[PDB]
file query_29.pdb (PDB, C-alpha atoms)
ATOM      1  CA  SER A   1     106.282 104.025 129.035
ATOM      2  CA  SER A   2     106.163 100.391 127.931
ATOM      3  CA  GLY A   3     109.031  99.187 125.755
ATOM      4  CA  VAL A   4     106.748  96.413 124.491
ATOM      5  CA  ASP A   5     104.125  99.019 123.410
ATOM      6  CA  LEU A   6     106.715 101.177 121.633
ATOM      7  CA  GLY A   7     108.613  98.300 120.062
ATOM      8  CA  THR A   8     105.555  96.575 118.701
ATOM      9  CA  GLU A   9     104.339  99.876 117.335
ATOM     10  CA  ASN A  10     107.706 100.379 115.649
ATOM     11  CA  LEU A  11     107.352  96.905 114.155
ATOM     12  CA  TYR A  12     103.919  97.685 112.739
ATOM     13  CA  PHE A  13     105.314 100.903 111.152
ATOM     14  CA  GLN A  14     108.171  98.983 109.527
ATOM     15  CA  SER A  15     105.956  96.101 108.431
ATOM     16  CA  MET A  16     102.894  97.851 106.979
ATOM     17  CA  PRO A  17     103.061  98.996 103.341
ATOM     18  CA  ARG A  18     103.610 102.754 103.050
ATOM     19  CA  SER A  19     102.936 105.076 100.127
ATOM     20  CA  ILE A  20     105.874 106.876  98.528
ATOM     21  CA  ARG A  21     104.908 109.501  95.938
ATOM     22  CA  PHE A  22     107.848 110.732  93.891
ATOM     23  CA  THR A  23     109.191 111.627  90.473
ATOM     24  CA  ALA A  24     112.254 110.437  88.554
ATOM     25  CA  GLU A  25     113.238 114.036  88.055
ATOM     26  CA  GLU A  26     114.746 114.354  84.593
ATOM     27  CA  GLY A  27     114.343 110.551  83.977
ATOM     28  CA  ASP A  28     116.694 109.711  86.850
ATOM     29  CA  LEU A  29     115.057 107.424  89.459
ATOM     30  CA  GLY A  30     117.800 108.045  92.056
ATOM     31  CA  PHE A  31     118.014 104.439  93.305
ATOM     32  CA  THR A  32     119.115 100.989  92.169
ATOM     33  CA  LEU A  33     117.191  97.822  92.701
ATOM     34  CA  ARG A  34     118.204  94.320  93.812
ATOM     35  CA  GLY A  35     116.695  90.844  94.061
ATOM     36  CA  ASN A  36     113.362  89.457  92.893
ATOM     37  CA  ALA A  37     109.865  88.986  94.262
ATOM     38  CA  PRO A  38     109.900  91.392  95.938
ATOM     39  CA  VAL A  39     112.547  93.695  94.567
ATOM     40  CA  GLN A  40     114.505  95.825  97.026
ATOM     41  CA  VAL A  41     115.748  99.429  96.936
ATOM     42  CA  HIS A  42     119.544  99.224  97.152
ATOM     43  CA  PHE A  43     121.572 102.386  96.434
ATOM     44  CA  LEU A  44     119.536 105.479  97.183
ATOM     45  CA  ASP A  45     120.520 109.064  96.497
ATOM     46  CA  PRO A  46     119.565 111.013  99.615
ATOM     47  CA  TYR A  47     118.761 114.075  97.483
ATOM     48  CA  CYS A  48     116.298 112.254  95.185
ATOM     49  CA  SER A  49     112.527 112.672  95.565
ATOM     50  CA  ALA A  50     112.059 108.998  96.493
ATOM     51  CA  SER A  51     114.376 109.546  99.474
ATOM     52  CA  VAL A  52     112.769 112.842 100.457
ATOM     53  CA  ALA A  53     109.455 110.936 100.402
ATOM     54  CA  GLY A  54     110.888 108.375 102.876
ATOM     55  CA  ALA A  55     112.066 105.480 100.739
ATOM     56  CA  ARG A  56     115.115 103.851 102.383
ATOM     57  CA  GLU A  57     117.870 101.431 101.465
ATOM     58  CA  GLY A  58     116.668  97.868 101.881
ATOM     59  CA  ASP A  59     112.954  98.700 101.452
ATOM     60  CA  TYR A  60     110.918  96.153  99.541
ATOM     61  CA  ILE A  61     108.626  97.421  96.762
ATOM     62  CA  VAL A  62     105.248  95.707  97.105
ATOM     63  CA  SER A  63     103.120  97.727  94.692
ATOM     64  CA  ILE A  64     103.302 100.483  92.094
ATOM     65  CA  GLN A  65      99.915 102.175  92.101
ATOM     66  CA  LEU A  66      97.461  99.244  92.001
ATOM     67  CA  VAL A  67      99.917  96.892  90.247
ATOM     68  CA  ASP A  68     101.135  94.165  92.558
ATOM     69  CA  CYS A  69     104.942  93.928  92.594
ATOM     70  CA  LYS A  70     105.362  91.196  95.212
ATOM     71  CA  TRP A  71     105.937  88.475  92.643
ATOM     72  CA  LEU A  72     107.771  90.522  90.003
ATOM     73  CA  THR A  73     111.415  90.262  88.952
ATOM     74  CA  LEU A  74     113.971  93.042  89.077
ATOM     75  CA  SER A  75     113.683  93.425  85.306
ATOM     76  CA  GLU A  76     109.883  93.698  85.506
ATOM     77  CA  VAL A  77     109.886  96.256  88.305
ATOM     78  CA  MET A  78     112.448  98.311  86.375
ATOM     79  CA  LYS A  79     110.247  98.258  83.249
ATOM     80  CA  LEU A  80     107.226  99.350  85.254
ATOM     81  CA  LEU A  81     109.059 102.316  86.826
ATOM     82  CA  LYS A  82     110.633 103.262  83.492
ATOM     83  CA  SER A  83     107.104 103.477  82.022
ATOM     84  CA  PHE A  84     106.291 106.543  84.175
ATOM     85  CA  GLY A  85     108.946 108.737  82.624
ATOM     86  CA  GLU A  86     108.857 112.018  84.491
ATOM     87  CA  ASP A  87     105.266 111.591  85.640
ATOM     88  CA  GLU A  88     104.201 111.097  89.276
ATOM     89  CA  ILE A  89     105.020 107.625  90.607
ATOM     90  CA  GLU A  90     103.312 106.068  93.614
ATOM     91  CA  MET A  91     104.796 102.922  95.057
ATOM     92  CA  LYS A  92     104.287 101.167  98.346
ATOM     93  CA  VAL A  93     107.276  99.931 100.276
ATOM     94  CA  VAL A  94     107.834  97.909 103.435
ATOM     95  CA  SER A  95     111.018  98.087 105.519
ATOM     96  CA  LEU A  96     110.395  94.553 106.911
ATOM     97  CA  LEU A  97     109.073  91.705 104.824
TER      98      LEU A  97
ATOM     99  CA  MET B   1     115.768 119.096  80.539
ATOM    100  CA  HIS B   2     118.796 118.638  82.824
ATOM    101  CA  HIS B   3     119.420 121.061  85.719
ATOM    102  CA  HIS B   4     122.555 121.360  87.799
ATOM    103  CA  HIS B   5     121.859 120.816  91.482
ATOM    104  CA  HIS B   6     124.472 122.384  93.688
ATOM    105  CA  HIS B   7     125.144 120.080  96.631
ATOM    106  CA  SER B   8     127.482 117.257  97.744
ATOM    107  CA  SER B   9     127.498 114.132  95.623
ATOM    108  CA  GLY B  10     124.355 112.067  96.253
ATOM    109  CA  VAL B  11     126.221 109.084  94.818
ATOM    110  CA  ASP B  12     129.061 109.579  97.313
ATOM    111  CA  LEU B  13     126.633 109.829 100.232
ATOM    112  CA  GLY B  14     124.325 107.035  99.112
ATOM    113  CA  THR B  15     127.130 104.584  98.510
ATOM    114  CA  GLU B  16     128.634 105.452 101.860
ATOM    115  CA  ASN B  17     125.256 104.800 103.487
ATOM    116  CA  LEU B  18     125.176 101.429 101.767
ATOM    117  CA  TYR B  19     128.594 100.516 103.111
ATOM    118  CA  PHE B  20     127.458 101.461 106.668
ATOM    119  CA  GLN B  21     124.301  99.322 106.391
ATOM    120  CA  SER B  22     126.100  96.399 104.726
ATOM    121  CA  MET B  23     129.293  96.035 106.782
ATOM    122  CA  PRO B  24     129.062  93.954 109.998
ATOM    123  CA  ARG B  25     128.943  96.176 113.088
ATOM    124  CA  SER B  26     129.666  95.263 116.704
ATOM    125  CA  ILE B  27     126.889  95.499 119.259
ATOM    126  CA  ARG B  28     127.954  95.043 122.905
ATOM    127  CA  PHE B  29     125.071  94.554 125.294
ATOM    128  CA  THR B  30     123.608  92.678 128.228
ATOM    129  CA  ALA B  31     120.359  90.864 128.878
ATOM    130  CA  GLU B  32     119.548  92.366 132.305
ATOM    131  CA  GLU B  33     117.870  89.555 134.316
ATOM    132  CA  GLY B  34     118.275  87.234 131.298
ATOM    133  CA  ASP B  35     115.763  89.457 129.427
ATOM    134  CA  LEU B  36     117.327  89.945 125.935
ATOM    135  CA  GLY B  37     114.816  92.642 124.909
ATOM    136  CA  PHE B  38     114.273  91.414 121.361
ATOM    137  CA  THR B  39     112.707  88.573 119.465
ATOM    138  CA  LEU B  40     114.293  86.729 116.582
ATOM    139  CA  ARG B  41     112.939  85.485 113.249
ATOM    140  CA  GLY B  42     114.046  83.342 110.325
ATOM    141  CA  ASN B  43     117.121  81.196 109.761
ATOM    142  CA  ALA B  44     120.595  81.557 108.354
ATOM    143  CA  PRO B  45     120.942  84.323 109.173
ATOM    144  CA  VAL B  46     118.522  85.019 111.987
ATOM    145  CA  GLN B  47     116.959  88.469 112.146
ATOM    146  CA  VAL B  48     116.143  90.799 115.050
ATOM    147  CA  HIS B  49     112.366  91.296 114.947
ATOM    148  CA  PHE B  50     110.675  92.943 117.961
ATOM    149  CA  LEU B  51     113.076  95.229 119.775
ATOM    150  CA  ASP B  52     112.450  97.021 123.050
ATOM    151  CA  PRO B  53     113.800 100.533 122.547
ATOM    152  CA  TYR B  54     114.824 100.659 126.224
ATOM    153  CA  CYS B  55     117.005  97.527 126.074
ATOM    154  CA  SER B  56     120.816  97.660 125.923
ATOM    155  CA  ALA B  57     120.861  96.056 122.460
ATOM    156  CA  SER B  58     118.742  98.941 121.188
ATOM    157  CA  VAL B  59     120.832 101.540 122.978
ATOM    158  CA  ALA B  60     123.888  99.914 121.339
ATOM    159  CA  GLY B  61     122.246 100.490 117.937
ATOM    160  CA  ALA B  62     120.669  97.171 117.026
ATOM    161  CA  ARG B  63     117.552  97.692 114.900
ATOM    162  CA  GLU B  64     114.497  95.760 113.814
ATOM    163  CA  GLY B  65     115.290  93.663 110.745
ATOM    164  CA  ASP B  66     119.083  93.500 111.471
ATOM    165  CA  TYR B  67     120.694  90.180 110.611
ATOM    166  CA  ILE B  68     122.973  88.544 113.225
ATOM    167  CA  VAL B  69     126.119  87.385 111.489
ATOM    168  CA  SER B  70     128.310  86.572 114.504
ATOM    169  CA  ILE B  71     128.331  86.287 118.303
ATOM    170  CA  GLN B  72     131.871  86.959 119.438
ATOM    171  CA  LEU B  73     133.980  84.798 117.105
ATOM    172  CA  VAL B  74     131.205  82.220 116.515
ATOM    173  CA  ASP B  75     129.798  82.448 113.022
ATOM    174  CA  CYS B  76     125.997  82.745 113.019
ATOM    175  CA  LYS B  77     125.453  83.122 109.264
ATOM    176  CA  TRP B  78     124.371  79.516 108.789
ATOM    177  CA  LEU B  79     122.649  78.947 112.156
ATOM    178  CA  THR B  80     118.950  78.389 112.781
ATOM    179  CA  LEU B  81     116.721  80.552 114.996
ATOM    180  CA  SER B  82     116.866  77.808 117.647
ATOM    181  CA  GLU B  83     120.680  77.714 117.550
ATOM    182  CA  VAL B  84     121.092  81.460 117.794
ATOM    183  CA  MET B  85     118.692  81.548 120.722
ATOM    184  CA  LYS B  86     120.709  78.844 122.511
ATOM    185  CA  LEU B  87     123.937  80.750 121.937
ATOM    186  CA  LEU B  88     122.523  83.990 123.345
ATOM    187  CA  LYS B  89     120.900  82.196 126.267
ATOM    188  CA  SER B  90     124.357  80.802 127.171
ATOM    189  CA  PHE B  91     125.633  84.287 128.146
ATOM    190  CA  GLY B  92     123.171  84.742 130.950
ATOM    191  CA  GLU B  93     123.706  88.233 132.318
ATOM    192  CA  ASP B  94     127.289  88.463 131.056
ATOM    193  CA  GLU B  95     128.474  90.830 128.298
ATOM    194  CA  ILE B  96     127.313  89.778 124.823
ATOM    195  CA  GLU B  97     129.068  90.955 121.651
ATOM    196  CA  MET B  98     127.301  90.256 118.369
ATOM    197  CA  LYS B  99     127.797  91.638 114.898
ATOM    198  CA  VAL B 100     124.813  92.658 112.847
ATOM    199  CA  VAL B 101     124.147  93.934 109.360
ATOM    200  CA  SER B 102     121.169  96.024 108.314
ATOM    201  CA  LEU B 103     121.417  94.876 104.672
ATOM    202  CA  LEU B 104     122.339  91.323 103.811
TER     203      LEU B 104
END
call {"tool": "encode", "arguments": {"input": "query_29.pdb", "output": "structure tokens"}}
result
Amino acid sequence: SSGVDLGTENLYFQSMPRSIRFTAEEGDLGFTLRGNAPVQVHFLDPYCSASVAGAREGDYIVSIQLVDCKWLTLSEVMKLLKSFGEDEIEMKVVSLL
Amino acid sequence: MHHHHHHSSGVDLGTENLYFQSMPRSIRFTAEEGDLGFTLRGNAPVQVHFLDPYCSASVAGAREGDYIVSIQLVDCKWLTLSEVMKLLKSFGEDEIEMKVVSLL
């Protein structure tokens, strides 16, 4: 099969926003965040629900439900995620910006 | 509220993963027929973008989004896309060693 077909398909996958539905079980988000606009997932506990849902280190958070996160600071994205408590969180991430 | 979860430390594993993705790693590969098998994007550092999964760079473990930090003992951290391309072109079909990081 064509390496150009597979590789460009891979690129699409890594570049298109994908939906991660997860919980900060017991308040604990299971990852740290880094940078601004967009903010990036840094440390990620492999056992946490965000990881199990396919979040990865280095992913950029582009939205939390229908709230745009592309232009938000680290502090702002943290405050948004904190607001969910233990309820269901949906965010979209991209592995390549 | 809090439950104990019996398994290895997620913090141990996660921080180890971060080290792996953050420390420069050596990729030794060849551009068979001068065909490098990947495109490049951005500046200082330049990033691997498209990557043919059949190419030697891929087989060596390069990935999409990796940042090129060195080519042999030439520092690439501050180089433009054009400069990095000219460096890689210079190898022709000879062995290329570059170091990449997955997280910058």
call {"tool": "residues_near_point", "arguments": {"input": "query_29.pdb", "point": "(124.1, 96.4, 106.6)", "cutoff": "9 Å", "atoms": "all atoms listed in the file", "output": "MDAnalysis selection string"}}
result
(chainID A and resid 58) or (chainID B and resid 18:25 66:67 100:104)
call {"tool": "write_last_selection", "arguments": {"input": "query_29.pdb", "atoms": "C-alpha atoms", "output": "PDB file, in the coordinates of the input"}}
result
ATOM      1  CA  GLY A  58     116.668  97.868 101.881  1.00  0.00           C
TER       2      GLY A  58
ATOM      3  CA  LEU B  18     125.176 101.429 101.767  1.00  0.00           C
ATOM      4  CA  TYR B  19     128.594 100.516 103.111  1.00  0.00           C
ATOM      5  CA  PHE B  20     127.458 101.461 106.668  1.00  0.00           C
ATOM      6  CA  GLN B  21     124.301  99.322 106.391  1.00  0.00           C
ATOM      7  CA  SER B  22     126.100  96.399 104.726  1.00  0.00           C
ATOM      8  CA  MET B  23     129.293  96.035 106.782  1.00  0.00           C
ATOM      9  CA  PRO B  24     129.062  93.954 109.998  1.00  0.00           C
ATOM     10  CA  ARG B  25     128.943  96.176 113.088  1.00  0.00           C
ATOM     11  CA  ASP B  66     119.083  93.500 111.471  1.00  0.00           C
ATOM     12  CA  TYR B  67     120.694  90.180 110.611  1.00  0.00           C
ATOM     13  CA  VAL B 100     124.813  92.658 112.847  1.00  0.00           C
ATOM     14  CA  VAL B 101     124.147  93.934 109.360  1.00  0.00           C
ATOM     15  CA  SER B 102     121.169  96.024 108.314  1.00  0.00           C
ATOM     16  CA  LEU B 103     121.417  94.876 104.672  1.00  0.00           C
ATOM     17  CA  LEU B 104     122.339  91.323 103.811  1.00  0.00           C
TER      18      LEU B 104
END
call {"tool": "residues_around", "arguments": {"input": "query_29.pdb", "residues": "residue A:70", "least_positions_apart": "3", "cutoff": "6 Å", "atoms": "only C-alpha atoms", "output": "PyMOL selection string"}}
result
chain A and resi 37-38+62
call {"tool": "resolve_selection", "arguments": {"input": "query_29.pdb", "expression": "the PyMOL selection byres ((chain A) within 12 of (chain B))", "output": "PyMOL selection string"}}
result
chain A and resi 1-15+24-28+30-32+34-35+40-49+51+56-60+86+94-97
call {"tool": "resolve_selection", "arguments": {"input": "query_29.pdb", "expression": "the PyMOL selection byres ((chain B and resi 56) around 10)", "output": "ChimeraX atom specification"}}
result
/B:27-32,36-37,52-55,57-62
call {"tool": "atom_distance", "arguments": {"input": "query_29.pdb", "atom1": "atom CA of residue B:33", "atom2": "atom CA of residue B:76"}}
result
23.8 Å
call {"tool": "atom_distance", "arguments": {"input": "query_29.pdb", "atom1": "atom CA of residue B:73", "atom2": "atom CA of residue B:46"}}
result
16.3 Å
call {"tool": "residues_near_point", "arguments": {"input": "query_29.pdb", "point": "(108.9, 96.5, 86.1)", "cutoff": "12 Å", "atoms": "only C-alpha atoms", "output": "PDB file with C-alpha atoms, in the frame of the given file"}}
result
ATOM      1  CA  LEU A  33     117.191  97.822  92.701  1.00  0.00           C
ATOM      2  CA  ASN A  36     113.362  89.457  92.893  1.00  0.00           C
ATOM      3  CA  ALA A  37     109.865  88.986  94.262  1.00  0.00           C
ATOM      4  CA  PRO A  38     109.900  91.392  95.938  1.00  0.00           C
ATOM      5  CA  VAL A  39     112.547  93.695  94.567  1.00  0.00           C
ATOM      6  CA  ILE A  61     108.626  97.421  96.762  1.00  0.00           C
ATOM      7  CA  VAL A  62     105.248  95.707  97.105  1.00  0.00           C
ATOM      8  CA  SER A  63     103.120  97.727  94.692  1.00  0.00           C
ATOM      9  CA  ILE A  64     103.302 100.483  92.094  1.00  0.00           C
ATOM     10  CA  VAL A  67      99.917  96.892  90.247  1.00  0.00           C
ATOM     11  CA  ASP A  68     101.135  94.165  92.558  1.00  0.00           C
ATOM     12  CA  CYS A  69     104.942  93.928  92.594  1.00  0.00           C
ATOM     13  CA  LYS A  70     105.362  91.196  95.212  1.00  0.00           C
ATOM     14  CA  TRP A  71     105.937  88.475  92.643  1.00  0.00           C
ATOM     15  CA  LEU A  72     107.771  90.522  90.003  1.00  0.00           C
ATOM     16  CA  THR A  73     111.415  90.262  88.952  1.00  0.00           C
ATOM     17  CA  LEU A  74     113.971  93.042  89.077  1.00  0.00           C
ATOM     18  CA  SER A  75     113.683  93.425  85.306  1.00  0.00           C
ATOM     19  CA  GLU A  76     109.883  93.698  85.506  1.00  0.00           C
ATOM     20  CA  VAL A  77     109.886  96.256  88.305  1.00  0.00           C
ATOM     21  CA  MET A  78     112.448  98.311  86.375  1.00  0.00           C
ATOM     22  CA  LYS A  79     110.247  98.258  83.249  1.00  0.00           C
ATOM     23  CA  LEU A  80     107.226  99.350  85.254  1.00  0.00           C
ATOM     24  CA  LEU A  81     109.059 102.316  86.826  1.00  0.00           C
ATOM     25  CA  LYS A  82     110.633 103.262  83.492  1.00  0.00           C
ATOM     26  CA  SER A  83     107.104 103.477  82.022  1.00  0.00           C
ATOM     27  CA  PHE A  84     106.291 106.543  84.175  1.00  0.00           C
ATOM     28  CA  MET A  91     104.796 102.922  95.057  1.00  0.00           C
TER      29      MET A  91
END
call {"tool": "atom_distance", "arguments": {"input": "query_29.pdb", "atom1": "atom CA of residue B:44", "atom2": "atom CA of residue B:89"}}
result
17.9 Å
call {"tool": "decode", "arguments": {"input": "query_29.pdb", "residues": "stretch 36-51 of chain A", "atoms": "N, CA, C and O atoms", "output": "short mmCIF file (atom, residue, chain, number, x, y, z; two decimals), in the first residue's frame"}}
result
data_model
loop_
_atom_site.label_atom_id
_atom_site.label_comp_id
_atom_site.auth_asym_id
_atom_site.auth_seq_id
_atom_site.Cartn_x
_atom_site.Cartn_y
_atom_site.Cartn_z
N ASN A 36 0.24 28.38 26.87
CA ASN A 36 -0.93 29.23 26.71
C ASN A 36 -1.39 29.25 25.27
O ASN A 36 -0.59 29.29 24.36
N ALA A 37 -2.69 29.23 25.05
CA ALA A 37 -3.24 29.57 23.74
C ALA A 37 -2.63 28.85 22.52
O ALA A 37 -1.98 29.48 21.68
N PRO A 38 -2.83 27.53 22.41
CA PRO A 38 -3.56 26.68 23.31
C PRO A 38 -2.67 26.14 24.39
O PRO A 38 -1.43 26.17 24.27
N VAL A 39 -3.33 25.64 25.43
CA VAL A 39 -2.69 24.95 26.54
C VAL A 39 -2.48 23.49 26.13
O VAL A 39 -3.28 22.90 25.39
N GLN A 40 -1.42 22.92 26.66
CA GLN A 40 -0.99 21.56 26.34
C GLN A 40 -1.07 20.65 27.55
O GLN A 40 -0.72 21.05 28.64
N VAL A 41 -1.51 19.41 27.35
CA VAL A 41 -1.37 18.34 28.34
C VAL A 41 0.11 17.96 28.50
O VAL A 41 0.79 17.66 27.52
N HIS A 42 0.62 17.99 29.73
CA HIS A 42 2.02 17.72 29.96
C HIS A 42 2.13 16.37 30.64
O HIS A 42 2.02 15.35 29.94
N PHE A 43 2.31 16.32 31.96
CA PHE A 43 2.27 15.04 32.68
C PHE A 43 0.90 14.39 32.54
O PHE A 43 -0.10 15.07 32.62
N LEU A 44 0.85 13.07 32.35
CA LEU A 44 -0.41 12.42 32.22
C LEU A 44 -0.29 11.07 32.87
O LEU A 44 0.60 10.28 32.53
N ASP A 45 -1.14 10.84 33.85
CA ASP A 45 -1.21 9.56 34.55
C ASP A 45 -1.85 8.58 33.59
O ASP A 45 -2.98 8.82 33.12
N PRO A 46 -1.14 7.47 33.28
CA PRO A 46 -1.69 6.51 32.33
C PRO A 46 -2.95 5.80 32.83
O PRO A 46 -3.74 5.32 32.01
N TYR A 47 -3.12 5.74 34.15
CA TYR A 47 -4.31 5.14 34.75
C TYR A 47 -5.55 6.06 34.74
O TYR A 47 -6.67 5.56 34.88
N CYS A 48 -5.37 7.37 34.56
CA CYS A 48 -6.51 8.28 34.68
C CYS A 48 -7.46 8.15 33.50
O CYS A 48 -7.07 7.67 32.43
N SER A 49 -8.71 8.55 33.71
CA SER A 49 -9.75 8.42 32.68
C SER A 49 -9.45 9.23 31.41
O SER A 49 -9.81 8.82 30.32
N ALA A 50 -8.80 10.38 31.55
CA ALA A 50 -8.39 11.14 30.37
C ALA A 50 -7.45 10.30 29.50
O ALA A 50 -7.58 10.29 28.29
N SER A 51 -6.51 9.58 30.12
CA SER A 51 -5.59 8.76 29.36
C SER A 51 -6.32 7.60 28.71
O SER A 51 -6.16 7.34 27.50
#
